[PDB]
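Asker: I have a structure I would like to understand better, so I am pasting it below and will then ask my questions one at a time.
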There are 2 protein chains.
Amino acid sequence: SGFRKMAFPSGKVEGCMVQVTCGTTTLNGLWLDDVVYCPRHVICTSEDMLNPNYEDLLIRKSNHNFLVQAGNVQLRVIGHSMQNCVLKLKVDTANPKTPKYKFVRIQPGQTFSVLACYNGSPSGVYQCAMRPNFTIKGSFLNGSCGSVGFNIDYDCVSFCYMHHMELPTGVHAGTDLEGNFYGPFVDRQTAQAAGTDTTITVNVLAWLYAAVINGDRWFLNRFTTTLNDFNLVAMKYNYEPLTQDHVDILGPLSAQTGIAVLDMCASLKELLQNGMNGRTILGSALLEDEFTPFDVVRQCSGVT
Amino acid sequence: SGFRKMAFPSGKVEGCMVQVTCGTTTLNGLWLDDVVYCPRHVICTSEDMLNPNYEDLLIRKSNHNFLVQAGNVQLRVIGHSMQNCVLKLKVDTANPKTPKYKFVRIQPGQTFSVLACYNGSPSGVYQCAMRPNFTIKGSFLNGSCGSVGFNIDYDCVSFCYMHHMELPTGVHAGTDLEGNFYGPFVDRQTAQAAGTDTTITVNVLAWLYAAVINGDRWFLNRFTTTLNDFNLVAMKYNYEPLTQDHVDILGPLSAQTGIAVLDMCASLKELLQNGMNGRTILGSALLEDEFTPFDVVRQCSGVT
Ligand SMILES: Cc1ccc(NC(=O)c2ccc(CN3CCN(C)CC3)cc2)cc1Nc1nc(-c2cccnc2)cs1
Ligand SMILES: Cc1ccc(NC(=O)c2ccc(CN3CCN(C)CC3)cc2)cc1Nc1nc(-c2cccnc2)cs1
């Protein structure tokens, strides 16, 4: 029983975090085999953030300009190259703690764990979702760049996010581990801002199923809706459209609770139109959209 | 920017988790130096949960009745003893991954990280608070007993909680690592239930400070209250009394925001009496009480 924002255990990633210094800029890197990955803006100056040409900036660097430290051990840099918005620093030692890993790119609406680090040292772990507008609502301070987001499946770490910047509304943007930004953001100084966002409908439905499995039932009703009629309501309240694939993905949770997806959609319509009338669902007075169907199945009992 | 329920990185504890089997019962244990700690109810049967005498049950066990597995490695048990509600299994190998550690007992209102484990294998990490009634609102399924709660300060893991049971309302109870239960609960079958709970006032105030530091200010006002007048309102809404020591503990956050504690108490009084009128604070429509002042300082910027 219970339902929490639960991250993956972080030990496999902790053993990969290093400190990268270039000039007077320090940030975090990810050490896998004999390569350290970090944001390329580590090579920038304050006089460079206006209109940087990173190809120029990197040609003017040598391996000796990069100081890499793993705990109390200095790693010797023997090669450097750019890949999109990340830097690859080849080092003379393979990381003995390298887990089985993959570099994946995630979709908006999917979740992952973030290991927030400062000066190469892990500080905390929390769960994040990629928003529809390709930002994340993280918790990061100055020094956190190069912190990573990941999921773990059996023994394998799938890295999906490296942190690069904070936008003016306080939300965060970054890249996959190939250095390609999520969303229409760049690693330079501009007036860039998060675009309009939407609520992740399939996740809200998953979380209503989690609530039923955990004994909250007050929002259920005897009505069922059609998919087209539900999607008219979704549009009005700035929810994403629900697809048949979403309905299919919710199949296991529907079977376990015996509540058809379009039955639960009729509950969600009533919550959107009427509010909660002073009640809560899984300790929240808002509809929560940062749990995927997978997250719910992973955490919740499977009985029925 | 941002504010998340953030756990401590879990790697130091992951390396301590083992599987303990006795008969057909499997649960988790904590392997530190050459001792494995686990709930003593691992030695129980279904015909024993009524009125167990654990001293009798343990006298009838031998070391060979305990199977301990660390990953794919079986640990040989060479001694067993009871300490209050935990069992200490002496093994023939010290854990090479033992961190610096302490066994601490926490106070109601304090927070800690939980590493949820199944079959000796870590599954997820989340943040928990000890409620005033000595329960925790965790996320645990069958098989999770023996999972631990902890905080980390510099290199040192302070273990404070071992999981033993789920109460009828879905909340959880357990012991410190000396085997002494938090609250009026026992590791046998009774009608025991969580007692009445209260909201942790100093934590709500800390979280309002976190909100101000993160730019939410709509709930602020020009009024200040007295401590006695605030505590009359606290009583009415089932909040704990605020003490001068609480005011002192909030000193750093008050100085950083320039908002006196009794000024912020006047905001909290208005929120309690009027609600939020459709607005949110740090993405919540409820007043959140599971962040301590320390948690806020640890996570939030320190500027001002
Ligand atoms: C996207 C980006 C692009 C360039 C930079 N770098 C800089 O602005 C910068 C870097 C280094 C310097 C110092 N110079 C270079 C070193 N030395 C020669 C002195 C002069 C001055 C400015 C940072 C970022 N990203 C940032 N992320 C944050 C941040 C804050 C809070 C949460 N998450 C991210 C702050 S700045
Ligand atoms: C407090 C307590 C006391 C005794 C027990 N153990 C049992 O009830 C029990 C243990 C073992 C058996 C099997 N027997 C012994 C082994 N073998 C001889 C077969 C017969 C039957 C029952 C469990 C607990 N705690 C439990 N925690 C949970 C639980 C569920 C979800 C979340 N957190 C905890 C379920 S039972």
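Quick note: numbers on chain A are straight from Swiss-Prot, i.e. 3264-3567, in order.
According to its header, this structure was worked out by X-ray crystallography, 1.6 Å.
Backbone N, Cα and C define each Cβ position, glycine as well.
Per Swiss-Prot, the features are:
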type: CROSSLNK; residues: A:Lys3268; note: ubiquitin cross-link
type: ACT_SITE; residues: A:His3304; note: active site, for 3CL-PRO activity
type: CROSSLNK; residues: A:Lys3353; note: ubiquitin cross-link
type: ACT_SITE; residues: A:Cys3408; note: active site, nucleophile
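So that I understand the layout, could you describe where these features sit and how close they are to other parts?
Answerer: Around A:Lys3268 (ubiquitin cross-link), the C-beta neighbours below 8 angstroms that are at least 6 residues distant in the chain are A:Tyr3389, A:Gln3390, A:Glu3553, A:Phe3554.
The Cβ of A:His3304 (active site, for 3CL-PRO activity) has 23 other Cβ atoms within 10 Å, all protein chains considered.
Taking all protein chains in view, 15 other C-beta atoms sit within 10 angstroms of the C-beta of A:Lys3353 (ubiquitin cross-link). DSSP assigns A:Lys3353 (ubiquitin cross-link) to a strand.
In the three-state DSSP reading, A:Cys3408 (active site, nucleophile) counts as coil.
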Asker: Would you mind listing, in sequence order, the residues at least six apart from A:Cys3408 (active site, nucleophile) in the same chain with a Cβ closer than 8 Å to its Cβ?
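Answerer: Residues satisfying the criterion: A:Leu3290, A:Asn3291, A:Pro3302, A:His3304, A:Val3305, A:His3426, A:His3427, A:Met3428.
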Asker: I'd like to know which of the recorded positions listed (A:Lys3268, A:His3304, A:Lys3353, A:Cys3408) lie near ligand 1, counting only a CB under 6 Å away.
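Answerer: Those recorded positions that pass the cut-off, since their Cβ is under 6 Å from ligand 1, are A:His3304, A:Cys3408.
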Asker: For chain B, give the subset of the recorded positions A:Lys3268, A:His3304, A:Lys3353, A:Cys3408 whose C-beta is less than 8 angstroms from one of that chain's C-beta atoms, in sequence order, otherwise 'none'.
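Answerer: In terms of proximity to chain B, the recorded positions that count are A:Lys3268, given in sequence order.
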Asker: Using DSSP and collapsing to three states, where does A:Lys3268 (ubiquitin cross-link) fall: helix, strand or coil?
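Answerer: In three-state terms, A:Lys3268 (ubiquitin cross-link) counts as coil.
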